[PDB]
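Understanding the architecture of this molecule
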Amino acid sequence: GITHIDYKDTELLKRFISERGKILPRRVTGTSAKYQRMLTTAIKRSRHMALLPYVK
Amino acid sequence: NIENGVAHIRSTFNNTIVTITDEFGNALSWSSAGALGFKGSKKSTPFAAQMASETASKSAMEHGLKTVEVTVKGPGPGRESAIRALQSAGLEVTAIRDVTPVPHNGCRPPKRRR
Amino acid sequence: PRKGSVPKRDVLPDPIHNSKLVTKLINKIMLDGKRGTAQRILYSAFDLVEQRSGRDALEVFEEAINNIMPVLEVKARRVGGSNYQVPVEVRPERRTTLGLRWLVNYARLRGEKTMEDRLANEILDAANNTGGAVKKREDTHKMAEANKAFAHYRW
RNA sequence: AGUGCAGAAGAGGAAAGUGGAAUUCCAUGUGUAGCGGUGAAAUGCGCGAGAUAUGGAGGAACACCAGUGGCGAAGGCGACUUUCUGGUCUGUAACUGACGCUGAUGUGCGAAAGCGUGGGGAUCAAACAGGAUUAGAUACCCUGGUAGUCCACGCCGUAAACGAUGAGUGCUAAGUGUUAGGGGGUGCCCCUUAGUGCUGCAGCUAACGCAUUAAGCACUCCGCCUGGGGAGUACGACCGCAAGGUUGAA
């Protein structure tokens, strides 16, 4: 549905994101498996820099 | 005992460490299940922790703590009797952090009784 | 007894004393089923108590029950996973019907020779506290007045 | 058919650890009566450990995109800053005009441990130091405790390789979950040139199960099997760093 999102973005990954800094399961979501895989992947290219926490 | 307190309470299934402190580690007061006589499966139990915080708040006699902004870490069933009963002078359990022991599967586990 | 819910099944009637608790204890003290004998012990032995003991057992019968009846009981009732007893709420048929036998098991206690006068000596040093009849009530009632247990049980 | 192939997948594989579960260590921002221990306690850190984390880099794993998904012949399998790498082929096949099937020669190679560098402790786990037991414990129980737990180099192979399924030719309802990727196409209907797991027509096997995507019926090889043990014990022949194998009448 959306176009690409990459490690430029780290909060366009907040739609599907938790409160600890992780993301919700794809089974509870349910959209373009391919598009959502890379989109969520980039946020993990960002847990590299870890802009989103692990615990507070 | 500086006119306020901060609750760094703890409860492993044994030795429910009720610990109302100040912000730094300046050692206000502590408590226990091993402080009021209970051993026989009344250690972490709601009917054995009715007065588990007054071995702290009235063995203070000068503070009467007034808030928490708590970090309820080291969780058990003794948690609840260590919070709701932390309101016996005005100690005002106010805020929480949702940060208990949540390690990340990097540890190695102790053993399992069948 | 698959069911239960059984009452006292009796309309407690009294002779010439005008009471509903002086007829439910006449059969308890009734030595070897002796109606008149206990009837004469509740109209001549329970009326001359003041002459021997000190006070009469007419309107002071409430002080020989209310000032001795305990509350917390001691009945095994497994709950959760351990083995701790739980007290039952002192109900009228479970506190006044069982807490009125303080004259049959205490009649053979007073060591004042005359057993008849010893049975009338159960009103003295027992109507208040620290007596020979409330000595077994302080070793039961006072055992769970501070140590609370399960409150979400069945009994 | 194979190389052309859009390339494209999934934990197919090789990617240092910048950062983080950073650990039982402790003066500690902080201090002492507890980090903590249990069928039954001593175990056990306090004559100046503590509670969680202020410097907290590190021994290290991606912890969270992580699903049963799917690369590959079984053993597998997880961010990547990505160092590289094939085939697989999903659509028809451009070239050549049989472009050959099970495959004892060879080679062989394949689970933690058993194996090779010294690192060898983050220190848990073997032994167990040790409590304790209903009539009955060195014990699954219990803090801690010396291989190992942190491995880039010699070669391997026993396991429920319980996958107990060996591989050529199609197959008598196809739908179905659907797979990156697609024959007609254009969050709208799909068929195998396809792939999986199947409820299961239909028909066989042996009581059972397979099923348009077959143990059934038809051409196949290394073959084993043809009532039980005992039997791998006399003995044994040849590989071999090692567990060892791998043989073999009674």
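See the structure shown above.
Quick word on the arrangement of the chains
Between chains B and C lies the most contact-rich interface of the two pairs of chains that touch. The two partners chain A and chain C share no contact, and the minimum distance between any of their C-alpha atoms is 35 Å.

Points about the pattern of salt bridges
On inspection of all chains with the given rule, the structure shows four salt bridges over all chains. The partner of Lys14 of chain A in a salt bridge is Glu11 of chain A, and the shortest N-O contact between them spans 3.6 Å. Across the pair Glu122 of chain C and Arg110 of chain C runs a salt bridge, and its minimum N-O distance is 3.6 Å. Residue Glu122 of chain C is found in the segment after α3 (115-119), and its partner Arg110 of chain C is found in the loop between α2 (49-52) and α3; the two are separated by 12 residues along the sequence. Exposure remark for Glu122 of chain C: the relative accessible area of 7% places this residue in the buried category.

Quick look at the side chain of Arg47 of chain A
Residues and elements named next belong to chain A. Mapping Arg47 onto the fold places it in helix α2 (residues 33-49). For the buried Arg47, no salt bridge is present, and the opposite-charge side chain at shortest range is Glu19, 12 Å distant. If near-sequence neighbours (up to four positions away) are discounted, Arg47 is found in contact with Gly21, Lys22, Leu52, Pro53 and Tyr54.

Things to note about unusual backbone geometry
Residue and element names in this part refer to chain B. Positive phi values are uncommon outside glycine, yet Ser41 reaches one of about 55 degrees. When you line up the elements, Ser41 lands in the loop between β4 (20-21) and α1 (54-57). At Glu92, a residue that is not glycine, the phi angle is positive and equals roughly 55 degrees. Relative to the helices and strands, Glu92 is located in the segment after α1.

Digging into the nonpolar core
Grouped together as the largest cluster of nonpolar side chains are 14 residues, with contacts concentrated most on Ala7, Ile9, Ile20, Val68, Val70, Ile83 and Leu86 of chain B. Residues contacting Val70 of chain B, with those up to four places away along its chain left out, are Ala7, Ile83, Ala95, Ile96 and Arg97 of chain B. If you look at the next biggest cluster of nonpolar residues, it comprises 11 residues, including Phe46, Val49, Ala120 and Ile123 of chain C.

Section: the protein's contact with RNA strand D
Looking at RNA strand D, there are 31 residues lining it, with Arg45 and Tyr54 of chain A together with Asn14, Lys111 and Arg113 of chain B nearest. Counting only atoms of RNA strand D within 4 Å of the protein, the sugar-phosphate share comes to 68%. A distance of 2.7 Å is found between a sugar or linking oxygen of RNA strand D and a side-chain nitrogen or oxygen belonging to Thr40 of chain A. In the model, a base oxygen of RNA strand D is placed 3.0 Å from a nitrogen or oxygen of the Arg47 of chain A side chain. Top contributing element to the surface near RNA strand D by residue count: α2 of chain A, with eight residues. When the residues that make up the surface near RNA strand D are grouped by side-chain class, the tally is seven nonpolar, 12 polar and 12 charged.

Points about the environment of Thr12 of chain B
For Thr12 of chain B, the position within the fold is in the loop between β2 (10-11) and β3 (16-17). Taking the C-alpha atoms as reference points, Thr12 of chain B and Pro103 of chain B, separated by 91 residues in sequence, lie 15 Å from one another.

What counts, and at which threshold
- Residues numbered from 1 in each chain as written, not as in the entry; some residues may be left out.
- Chains lettered and ligands numbered in written order.
- Part of a larger assembly, values for the part shown.
- Heavy atoms only, no water.
- Residues with missing side-chain atoms left out of burial classes, pairs and counts.
- Contact = heavy atoms within 4.5 Å.
- Salt bridge = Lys/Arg side-chain N within 4 Å of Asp/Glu carboxyl O.
- Helix = DSSP H or I, 4+ residues; strand = E, 2+ residues; numbered from the N terminus.
- Buried < 20%, exposed > 50% of the residue type's maximum accessible area, 1.4 Å probe, protein only.
- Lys, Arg positive; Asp, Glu negative; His and termini not counted.
- Core = buried A, V, L, I, M, F, W, Y, C linked by side-chain atoms within 4.5 Å.
- Near = heavy atom within 4 Å.
- Polar contact = N/O pair within 3.5 Å; in protein donor to acceptor, adjacent residues only side chain to side chain.
- Nonpolar A, V, L, I, M, F, W, Y, C, P; charged D, E, K, R; others polar.

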